[PDB]
Each structure stands twice: as structure tokens, then as C-alpha cells.
Enquirer: 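Quick one: the structure is below, questions incoming.
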Protein chains: 4
Amino acid sequence: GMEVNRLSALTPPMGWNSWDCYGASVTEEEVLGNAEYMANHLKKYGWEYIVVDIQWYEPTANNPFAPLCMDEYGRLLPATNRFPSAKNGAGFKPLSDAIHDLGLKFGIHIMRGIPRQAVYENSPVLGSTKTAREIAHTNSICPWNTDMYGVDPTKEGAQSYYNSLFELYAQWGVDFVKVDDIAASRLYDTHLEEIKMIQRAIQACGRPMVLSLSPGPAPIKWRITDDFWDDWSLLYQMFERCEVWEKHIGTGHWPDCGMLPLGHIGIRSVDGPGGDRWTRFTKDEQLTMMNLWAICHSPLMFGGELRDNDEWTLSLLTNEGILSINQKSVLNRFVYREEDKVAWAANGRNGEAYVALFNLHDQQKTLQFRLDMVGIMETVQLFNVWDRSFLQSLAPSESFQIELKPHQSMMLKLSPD
Amino acid sequence: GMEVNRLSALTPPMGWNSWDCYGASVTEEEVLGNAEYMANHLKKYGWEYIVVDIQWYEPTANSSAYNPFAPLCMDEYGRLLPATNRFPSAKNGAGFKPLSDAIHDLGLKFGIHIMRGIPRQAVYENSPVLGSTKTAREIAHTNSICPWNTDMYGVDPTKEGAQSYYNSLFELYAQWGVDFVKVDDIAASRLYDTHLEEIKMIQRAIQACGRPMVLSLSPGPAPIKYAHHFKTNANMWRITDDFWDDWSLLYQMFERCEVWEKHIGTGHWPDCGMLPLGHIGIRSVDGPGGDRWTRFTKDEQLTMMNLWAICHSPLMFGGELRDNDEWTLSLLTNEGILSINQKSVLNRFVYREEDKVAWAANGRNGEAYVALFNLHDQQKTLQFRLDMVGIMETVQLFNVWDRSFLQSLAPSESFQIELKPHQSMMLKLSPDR
Amino acid sequence: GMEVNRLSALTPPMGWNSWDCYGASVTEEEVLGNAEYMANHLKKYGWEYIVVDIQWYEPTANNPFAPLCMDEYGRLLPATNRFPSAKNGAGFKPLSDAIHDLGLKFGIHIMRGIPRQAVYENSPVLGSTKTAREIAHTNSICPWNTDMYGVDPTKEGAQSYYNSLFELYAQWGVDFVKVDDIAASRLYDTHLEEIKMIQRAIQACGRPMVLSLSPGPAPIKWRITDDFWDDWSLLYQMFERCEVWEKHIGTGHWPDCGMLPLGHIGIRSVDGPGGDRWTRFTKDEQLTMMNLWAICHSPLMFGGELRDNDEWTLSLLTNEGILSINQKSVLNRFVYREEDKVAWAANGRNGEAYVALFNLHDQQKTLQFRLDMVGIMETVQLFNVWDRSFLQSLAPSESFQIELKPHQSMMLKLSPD
Amino acid sequence: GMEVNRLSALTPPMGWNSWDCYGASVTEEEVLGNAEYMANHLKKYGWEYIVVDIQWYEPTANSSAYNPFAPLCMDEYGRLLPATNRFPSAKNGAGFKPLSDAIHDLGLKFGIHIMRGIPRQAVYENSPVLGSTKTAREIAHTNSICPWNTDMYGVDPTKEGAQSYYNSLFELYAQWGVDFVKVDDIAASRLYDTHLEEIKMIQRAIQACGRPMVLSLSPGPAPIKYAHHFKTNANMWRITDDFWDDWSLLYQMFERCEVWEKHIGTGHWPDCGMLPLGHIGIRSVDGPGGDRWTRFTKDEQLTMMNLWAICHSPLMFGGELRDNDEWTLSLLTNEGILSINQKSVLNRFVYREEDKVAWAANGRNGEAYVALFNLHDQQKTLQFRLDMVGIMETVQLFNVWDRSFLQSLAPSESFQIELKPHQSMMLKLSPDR
């Protein structure tokens, strides 16, 4: 399992991501509007990243064979119809400057590799004598996207190309990059060599920058998408996917459970604007999600259009107690599961502990808890973390019981005497 | 899971049980010999219980203790009594009082196993229930039987006089100076046939008997019921597998433990089974051999001890202690290992991947413990990182069994160790000094 | 799996057993009445054994500490209140003589070991200088019966005691012995050493005599009994128990599925006469049972009081086709199972094959079959074995489909052109 | 189970497939080289098919065969065509006709793999459907995609013109002299997303195309979906495991085969996977290594051949044949083994017990066959008795691979053989002479 709140000295990222609200086609004004909202309402709670998802280099996002915006060295650039400030060689620098001025951080998603277009044009590699055709691995592609070919790690110039990307991103004032298409699929092995190359590239780029590569908990046996969305059966399944993830060795990274499909989403997407909506999650479901994401240290990336938040949604995001579980708790662990009743626990740094109790069933259930499950042999005071209220005291000889509505959960703080 | 070292103020029982060496047939001399050994070599390390397993009331037909018309030793109120051929100090009404007195005089504690219910022999004789107005026939549930032993019928908890019967047993045991009672046939023998109301009566009885006394029921994960692995047509006739010196049972215990920890539970220690170590099978018909030294290799023995320690299982030694060698005694007197079983908290399953298994716990002195297990039949490299156990600072790693330093380990590193098949390693992680 | 119709030159036993009808307490007149019925109606079809089940040595069958009938050498004898002809040292000889005169064979069940009573009396062992106390293994008992202790194979005299039993049984004209309490249970290992001793004892006894020792297919996860009875859920489970049995190595014996609880049963039993009844199996269930028992080569032991049979029950027992599957077919095998639809198959010796199709579901289902499942690549004629009727032809390119009522099955003969 | 050696008059396909050596990128010279080898060394033993795997229509961006505005090679009616950089004989309208002609001239047969559906590129271009009044957009089901490959959309079987599209593909393939078509992405990629009506159209199309042609779909048991064993967080992202030279996949195939045989089935051979033998991974990104000799030990290679033989799997060699050594060629030319795969009947699973596995079949010459497998990672003794396979007379036992006599075996005996880990033995049982 993954039982720490810091990995390489960093806590899980907290921010906003353009995908659930704007798909592949977010605009500069949309990004800045979200950054302004975050600066005014959220920043003081630790929300910090403003992240543009994939295909920011595609003017026509949301032919499938339309050209991508690309420099002479085969490096993808922001579409200036969507990012007017990127003109005249500026790229994302003006956007990131604005974000930094708000006290926030700027992130992007990229696809693994080198553009097929670069290979077509045989673009030179910046900082190398080799060209795109000489470094591409043209049999290594993405099972769900046609933008790129892999880079061939056995070729001179291959590392140079990756370095050239992260140097560009550094010049643009990027603070975070997530790389997609690293995971295995039927026809492609996990891209381990490119992972190593990317890691060296970001270390060399000359600017502090967070890298994210890990796909989160693996799938278990429209739904054809691997993406997490506002649908109870996907949220239900995430509970098991997390249990499985935790009992494996390869957990040295945040379990990335997915963007939070909360508030106003579906504005643009690959399948059109028709799906523009408020999250389909009930309030109980939304809290259930927040509780799992918090207690396992998932990054917290808000997926909705922030400026359309209501009081309720803002309140999900501004609970110092919940955020503290996600950012600072340790010994995070799966406690039990029986017949759709689930408990997870963690420990705070000030003598306290946390217990999350979940009813995943479609009918009301009574959830049970004892101090012996979480290592405590003294009387504690129990608090409800979400509403800050005192519940009761609890001794080692006792059991706590709570009836939970379907899909409802409770987050408890266990505080010593 | 179960993450505390104390329940109702007590730690997991440590002791000796007569079953793996002498089966149902231990004698008083054998009990005292083991008690004396424990007193002389083990008491100071926390070993305390001397436990007589089931059928202590069943003399055989060749004994002058045998009445063919009423073959179990039993009092007039339907309470089973010690076989006086095996326990001569029990004669003339003394019961187990002299034996428990001898054990107490060694600074040790005395335990017995009983079978759930009331003897069939009491039902036959229609024995009066002491402190009641009823008889055995009026309280027995004759359709409640134990499929692996004919001694008893269930007691029907819906009947007047049922609680009185159980009260009367625990009064007798208190009289005898008993400190520990384990009830067998108290789990469902066939999964569906549970005994929850009968358990509540036992609990009330022990609580009312006027003597401090530990009650042990059947929380699992041993015995293994309806084992999934290692199945043959002949062995499948045995639905209930008690733990013994066979790798197939030890291997399966690892999965059964993982499953047990994921249950809500009842707040009892997990019982992984008695320790089949040293000289076992002396008079024994249910184990994987005859009169023998344990079939477990040394690696396997440590593997068993490591899992039992890290999950807070009771530690009940099942060998004839007096025949121990230096190796076996050294398994019992390692204070570091015993301290994991007796004192650690936050006891938890960490990972399992292709027969590589990790468990962890935390000490009360700034230290943590990690158990790494190669369950495979060829050598494997086991890995570990600090992020799996909640540590974000550099630590010193020690081999608990041989009390030696291994190396330091930083949060940015992986610990790797090559382990032989069935071999494990118990690590102490202390703060980097 | 077990794919032959002869084991040590013998076919599966066919007969009547006293247990389902009379429990432990059958009488001489009851045994003879069943033998007479068998001689008059069944013998020509191959039904041959007349088998007295356990505790024929107990006068009070149906204290639990009442004495058993026993000779001076610790050998159990027939209760003369139940078996008057056993008087004056005759034992079962007059009964078996009567059975042989009817052209039939006589069998008994015994419990493993030596009587506890013999150990109490320290009875001498016939043909040995040792006594019962010197040969008994008093920690080895039966989990469900208190009559015996095991014999200790490491002791002189132990083999002699077993030999003395089979010599007695030979003198009584016994033709078949089943030994109970050989199988493992929680507290006792499988009794392998005693098995070897018993085998040598029967070889030495001086009379051809069939030994049966094998418990049949093991249990899977009043019902507390291991005995098979007239209850659909037990019959349902037998299908899986047989599948599991077949895929193990230790199959060198008939899979003994249990006595057939057909017709009039429950007359006496351990729990009294109150349960006296006609079989609770429906007609479809009764055929389903017969079909499984036949196709896997289970012994066929009728458990009811034969003299109370109706036309229907007699007809189950006198179908030469079905009996021929049980007695003579080979390559017996599990073909498929999906969602309570099951098929088994076998091959005859005259070019034909057999397919058994079963609906174990509580609702009607359609069962499918193709010639490729059973190794046939030519057109066949299909016959219904039970009613002898012609169904249809079937080519390799086709599928046979049949709707079956719940718990209903069909037995087909596949005959070449 | 599936117990015949002939289905619709044909036996399991034997041939070579370009995937394990060249992935999606085989060239015409590579296909002809393998075809020539097969013709020269293998044809006489029953090897006949030369099969080009998927993406034969996908030139890469560095090729002069590449149009960035329409990157897959495709005709005006939305039918995919050979990449002319890789298949230069395909130029100027020839398609695969010259290649199939060359293959036929060697006395061999020509096969391709296609992806289910219609190219997304056809939908984009709104390509007319040949012999219809409709276009690609009017027949595509754009919500039906393949999760592991972006080439196609599903064809909507509820639409007018859908059958016409499929008809048009099989006319093209008939034109090209194709003898075998395997459709990929035709099973449910995620178990629920099945394609039964689309299958019926494919079947009708191949039947109407005017050329005898074998259709192969996806009957299982390979690829393994949602594998139960050998799971890591990284590898679980791959839901579909194609068979390759890794023991963990071979091991799992044994259980997947047992499960497959217990299904009702559709009356197709079980496909256990292509044979990763000899020189593989030359241009390959989905396998467990790079340019290499097979990672399977010799014992493992025979183990694979034994299971594939005894269950009637197609035999598709996936190595670069021209680089074979004497060992690899000898695996392909053992007439006894091939005769099991091509001629045996009554093919059946016999037992599995603690990683010891037995399968059997019957020959058409009075003989039987038994395959014994040690799937364990240490040596084991495998047993066998005649009663398991329907024989009640004494037999002679032969080792099929090395064509040698072992011993006689009577019905009253057990055959025992010690097998190394992962080692198997294929026995012929003939009548005692």
C-alpha cells in the first residue's frame, strides 16, 4: 500500500483540469477564468494547479487528419485560435505569467513521443544532428490517439528530443506535466524506457517542475472509455480498484483515481456539447468520492467549470479537515470490506486518527467500527469531519454503529482525551 | 483488521497445548513435565499457559477408569470430569484442582478445551441440571450434533435450564482453579450451523463464575474450512484442516490471514493454529506423520513464527517441550520476536504479488517491523520501500532473528533481498541515528 | 476421470441395501422379502446383491451404551432377535444360503476396526496369541459411531484379527463387504494402513468376495449427515461433486454417489419411524438421478422396500438400455456445464454413443448438443433411451436442441448409419 | 469440449503468421522468404498457410506510401489496401493478387487478418459503399470502437448497406486470391460489448464471395482476458494478454483450456495462440523482450506443443522460419505430434491435481495418447492409470517426441514418471503385442 503524504518531498497535487469541462479544446479565457476563481476562493486552502489537458496544439479540437500546431523542430505548440497570447513565438509564457501573478501554478498534459507530423516532415531535433525520422519508433503508437509515434530509446537524438520538449516547457513557465500513453495495452508494452528518458529530460530542463506519469489503479472486470466520470457504477468500482492497487508492490506514486467530475462539466468534449450538464452524482455520492480520494492520497483535480460552482460545491473544496487528510495523513490503509460495507483509516500528525466508513450498497446499511481496528486502546472523542460536529466518545470496549443511506459515507476524526 | 496488542487488558496467550504431541490422551505427568520445563526456561519470556486439550474426560476401554455403561467420566449433574487413569490426582472429587495448584505453584496458568454442549451421556441418563429444576433431556437440542465428535449434543438456548447448565460448568472450572477455557465446535461445522445464542450463554456463565478466566472461542482463520488448494479426492473428506507441520497448510494460512484481516471481525485475535514444533505426534492420529520431529524445515519454522508474530496470533507450542533442542528453544526465547506478537500495533497486510508477501507493524519505541515472505518454491527477490509503511525519513534495518544490522534505507531507495523458497525475513526499522 | 466399466475384472455392483428403508435395524424376514422380489423381477436384468447395512450386531438398533452381539474372539455377530436363524453359531450362513438359492448374492457393511467391547473384555484374537487390548489403537475412532476402535497396524495380531473377520464372513457365505469409517475427518487421517490390512484379509479368506472401501465423491461447500437422501438440493450438489471427483487423480474405484432413495423408505431409521414415506423425489428428479448414476458408473443400490414398488419404480430398474450404460459403457466423461445446463457422455461397445443432458435449473431451459462434442463426424440416429423411441437424425453440421423442464434430463443413444 | 479433428471437412490450420517476428510491419520479401522455407521444409508435413497479420494497410509517415490527409491505404469504396512501400507488387491496382499467386505457386495458401468494422477514414471521407446506395457514414456505428486500435468503427448491422460493405470486402479478398481471413476485435473487448449480428454479416459475406475461404473468428481461449494470476499494477492495464514466450502465459493457458472445454462452445477449434518459437521480436513492441530467440526453455517449448497438439489448436508458427536451428525445425516435423493435432479424436481433459495435469486423445489406428504435465516450479512425479482413459487391457507405452519405447502397463498398475519443472511427456499407448 501507499502510506505516506509525501513522495519525493511533494504532496498530492491539488488543482483544476480542463478535460471534464472542455475536453481537448479549452481556451485561454477559460483557463484564466478558472485560475481567477481559484485565486479568489480556493488558493488559501492549498488548491494550486491550473492544468490544460491534451491537444492544446489542435486548433479544431471538439479532419481527424487535420494538422497540429508545431515548430520547425517537431515540437507541438499552442493553437493560437484558442490561445491568442501564444502568437509570435510566446507559447504558453503569457498564460503562465498570468497564472503565476495570481499565486498559482501552471500545468499541461502531453502525449508520449514525437508527432507523426514531425516524422512526415523529417523535422530536425533541436540540440541534435539527428532528425525525426532517425529517432522515431513508428511501430509504437497509442491505442486511442493518433498524434504521436514513440521515440526509439536505442537511437541517438531520442533523449535530445525529449530534453528539447522540457526545455520548451521550462521556457513557457510550466510547473507540472502529466504524460499520457505510458501504460500497457493489448498491442504495446508499458513504455519504461521512455519513462526513464522523460525523467532525465525534466531533471535537466532548468526549472522546478512536477512530473506525473502513473496511471492510477488499473481497471477491473460510452463505458468503453478508461476515463473516470459522473456515474455511480464507476465510483462503486473504484473502491475495488483501489483495494487491488494497494495490495500490489508498485505503489510508489499517488493512486490517481481520476479527475473530480463535480459541478458544471461536459461543456465541450469529443462527442460534442450535447452532454453539457451538472454532475450526475448525488450529494452523498460526491462526498463518498471526496472521502475515498482524500483517504488514499489521490491527487485532487477538480474537473468542472469553477465559475459556475454553487455554495454546495465550493463547500466540498474548502473543508480544511478533509484537505488535511489528503495532504498530511499517513498510514493510509484499507480496514475492511464485507457485503458492500467498507472502512479505510489513516493517522494524523497531532495524535489523531481518521476513519472513513462507506455504504456502497443500494439499500441502507449499518456500519460498525471498533478502536481495535485502527490501533487505539484508549478512549477517544469522535468528530464528524465534514460538519465539524462532535458525535460521541468511544472506549475500547465499545462499538460505534451508524446507519448510512445508500452510497453514503462518513468521515470521522478520532481524537484522544 | 486487528491492530492492537491488548484486548480487555490482555495480550495474546502464550503457552503449551497437549494436542500436537499427545492428542486427546495427555497424562498428568506429561502436563507437569511440560509445566516444569516452561517454568524453568520460558516463563521469564512470557510463556504462561499449560493447556489440556479435548477428551480429558474420555478414558479408553482398557482402563480400570472405564465404565462400559457410562464410558465418559461425568458427575451426577451431567458435568464431564477428568479421566482418573490419566489424571490420578483427580480422584475422590478433587478434579483438576490439584493439577492447577501445581501449575500455579510454578507461577503458570492452567487451561482446558471443552466441547460445546452437554454430553450425550447426560441426555441418556437424564442427568439433573444443577441449580435448575430441569434435566438434561429438557435442555438438550439432540438435532444439534458435532460432525467430527460424538461426545455432546447442543444445548438449546430457548429452554429453561440451559443457562443453568452452562453456569454449572464454569462454577466447576472455577472450583478447579481453571484460568483459560477454549470452546471447540463453537464455529459452524458446515458454515450454516452457527451457535450465536449458545455462545452468549457461555459468555454469561464464565462472567458469573466468580473466578477470572479467559474465554477463547473460534475466531479463525484456523482451522481452514473447505480448503481451496492442495485438494485430493481422499483429503476432501476432511472439511476442517487443523494446522500442522505441512507446507501446504502454512502456505494456505497466508491467504486465510489476508482474508481474515479484511473482515469486520468480532474483536478477537486471529488464531493461526498451534505451533507444530520440536517433538510431536507421540500419540496422535490427525497429523501428517507419526512420532516425529517437526516436518517443517528451519526456514519454514521461522516463516510460521514471523506470520504468527506479526498478526498477534496466540502462541501455543504443541511439542513435547522436554525434548527440545537448542534450535527449538531459541525460537521461543527471542525477545524481539515475542515483543512483536505481544506489544506491536497497527498490524497490517502490506502486499502480495506472485507469492511474494509483506506485512508490517509498529513498535512503541519509535520502531517499525516488516515481514517479507517468499511463499514460492523457487528463490525470489523481495522488495520493500519506506512509503509502504508510512516512513519518510532514512532508517536502519536489522534482522530481528539474528539480531544483526543489514543496512540503512532512504525513502528514495528500494530494499531488495533474495530469499530461498519458503524463507522469510523479519526486519526492524529504526530511526536513522 | 474414471472411464472404464470394469475394475479388477468387475462391473459396478447392482443390488438392494437395507439402510434407506430400515436404517441399522433390518430383520431376516425383511432381507428375504427383498431377495424374493429381486429374484422374481430384477435378477434377469443384472440386479444381484442383497446387502445388510451396519449394526446387524445390535439387538436394539432403531442405551447408546447397550451391548453388541459378539463372539469370544471379539468378532461381532448377528442379533438373533432380528436374525433368528443365526442361533447356535450359524450366523449369517442360513440367510446367505437362502439368498444363494434364489440366485443372488449376499453382502454386509462393517465398521473399521475392533469393537470397544472386545477391548473392554480383552478378548483373545482367533488365530493369534495376542488379545484385543494388545492390538487396539484406542485413540483412533469414528467421528459418528462409537462401536469400534481402530486396529494398530504396528502390532502383532492386528492383521490376524482382520483375517479372522473375513474368515468368519467367508464361513457365513458373504459375497460382498463394504467397510465404513475409512475416510478422513477433522480428527482422523484416512485409514490407509487398515485399508491394506483389510485387502490382504479378504484375499486370504478362501471365498470370492467383493470389497468396497471408497467413499464416493467428497462433499462440497438433518443436512448435517453425509448420507445422500431424497432431497433436490443434495441431488443438485451431486452434479458438482462428481465433476470435481472426475478431475482428480484418485478415481481408481467406482464413484459411489449413494444409495438410491426411491420408492418406500424411512420405515425405521435412527430418528424413528415418523419419517416413513414414499421418496420425495419427483419423477423427473428420479430419472435425473438414474441418468447421472448410470453415466458415471456409480454402483446402483436400491434403497427402498422393493415389495412396495409401483409400476413406475419397477420401470426405472428394468431398462436394459440404462443398465447397459452403467454396466458396459466406456470413455465416461463430463462434456459441459453452463448456467445449470450440464452434459455427460459415454461410448458403447457396438459402435454407439450416449449423451446425457440435464437441466438443474429451477426454470425450463433449452439444452444444446453437437456431434463434435463427443467425437463423431458422421450422421447418427438419435434415440431416447428411456422410452426407446426414435427422435431424429443428426448431422455434424447440425445442432440438437431440447427444452427440458426444471430438474429434467434426457438420455440419448447416438447410433451410426 | 471439442473432440473431433475435422470441422466442415477441414483440420486445424497449420501455418506461419507474421506477428511474433515482424508485428504489424511485415514486408513482401519477408512473407515470400518464409513461404519459400515452408515450401522447402514443412509443406510435406501439413504446414500450409502463410498469414499476414493486421495493419498491412498502414504505412508509416516516413514512407513515400504515406498521405497525411488519408494515412491508411484505402480504395474509393472504403476498402483497406496493402501498404505499397511494404508490398510493392500491390501497386497499380494489383493488391495482394501477385503475392497470393506466388504463394499458390509454392503449393501454399495465403491468409490475412482484418479488423472488424469499417475504417474511420472511410467514415471521414464518407466513402460510397460498393453495390449499395449508401455511404460509410450511413452504415457506421461510431460509438462502437476498438479500445486497443483506432483504425475502425463498427458497422451497424441494423442499417441498409451494412451487409453490402462486408460483401464488398470479401469480394476484394476473393479477387486477391485470399484463402483464409481471421477477424480481430470480433470478441467483446470488455466482455459485454459483443458483436453477434456483425459476425452474422461477415459469415454471409464470406459465403457469398465466390471463392472457397476459411473464416476464423475469436473462439478463445487465447487471448486471455482479465488474467487472474501474475498480476502487477502496471500489467493490469493490459486487459488482453496475447500469447507470448513467457511462462506465466503458458502456465495460465492450461487453466484457460480446462475452462474452455467445459463450455458449450460454438463448434470451433480452441485457439491457444501463435507459437513463439525460434527467432521472434525482430520488429515487435507487444512482447516480453526485443529481437531474440524464444525465451521458452526446450522443456517449455515441448510443453506448449503438447497442449496445443492434444486440444486441436491451430498451429501458427510465429518465428522467422529462415533463421530456424535444427532443434526448432525438429519441433515442426514430428509426424507423431502433428498427427495428434490433425487426426486424433475424443480430445479431453483427464485430471489436474496440485499443478500435475493430464489430457488424452484417441488415434484412429487402435492407439491412444496421454499428455502429462508438471506445471510446478519443482520436480514432481506424475501418475497415470489405464482406467482414466478407457482401457482395460495391457498396453505398450512410447515417448512420442523421441519415438522410443518406455514400458508396458497393465490395468492393475500405475505409470509413474519424474518430470522436471515445466516439463511434460507425450505418450502413445498401443495395444500390447
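Both backbone and side-chain heavy atoms feed into the values below; hydrogens, waters and symmetry mates do not. Every chain is numbered from 1 and lettered A, B, ... according to where its sequence line falls, protein lines coming before strand lines.
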Enquirer: Hey, which residues of residues 284-292 of chain B are touching chain C, say heavy atoms under 4.5 Å apart?
Expert: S284(B), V285(B), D286(B), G287(B)
Enquirer: Which one, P71(B), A61(B), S63(B), leads in non-hydrogen pairs under 4.5 Å with chain C?
Expert: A61(B)
Enquirer: I need the minimum non-hydrogen distance between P299(C) and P255(C), along with the two atoms involved.
Expert: CD-O, 4.0 Å
Enquirer: Quick test of your reading: applying salt bridge (charged side-chain N to carboxylate O under 4.0 Å, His left out), list the pairs with at least one residue in residues 63-76 of chain B, sequence neighbours left out, ordered by first then second residue.
Expert: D75(B)-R79(B)
Enquirer: Could you list the residues that satisfy ring pair (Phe, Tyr, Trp, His ring centres under 6.0 Å) with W244(B), not counting sequence neighbours?
Expert: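 Result, ring pair (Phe, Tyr, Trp, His ring centres under 6.0 Å) vs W244(B): none returned.
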Enquirer: Distance alone, cut at 3.5 Å: any donor-acceptor contact between the side chains of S18(B) and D53(B)?
Expert: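 No.
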Enquirer: For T150(B), is it the side chain, the backbone, both, or neither that has a heavy atom closer than 4.5 Å to a heavy atom of chain C?
Expert: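 Looking at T150(B), backbone and side chain both touch chain C.
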Enquirer: In chain order, what residues pass the side chain to side chain contact (heavy atoms under 4.5 Å, CB included) check against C142(C), with sequence neighbours excluded?
Expert: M111(C), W144(C), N145(C), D181(C)
Enquirer: Side chain, backbone, both or neither: which part of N62(B) has an atom under 4.5 Å from a heavy atom of chain C?
Expert: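 The answer is both parts of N62(B).
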Enquirer: Between the main-chain N or O of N62(C) and the side-chain N or O of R268(C), is there a donor-acceptor pair closer than 3.5 Å?
Expert: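 Not a single qualifying donor-acceptor pair exists.
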Enquirer: So, are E125(B) and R120(B) salt-bridged, with charged N and O less than 4.0 Å apart?
Expert: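 Here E125(B) does not pair with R120(B) in a salt bridge, since their nearest N and O are not under 4.0 Å apart.
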Enquirer: Knowing that exactly one of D184(B), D242(B), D241(B) qualifies, which makes a side chain to side chain donor-acceptor pair (under 3.5 Å) with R186(C)?
Expert: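 Of the listed residues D184(B), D242(B), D241(B), the side chain to side chain donor-acceptor pair (under 3.5 Å) partner of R186(C) is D242(B).
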Enquirer: Less than 4.5 Å to any heavy atom of chain C: does that hold for the side chain of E58(B), its backbone, both, or neither?
Expert: side chain
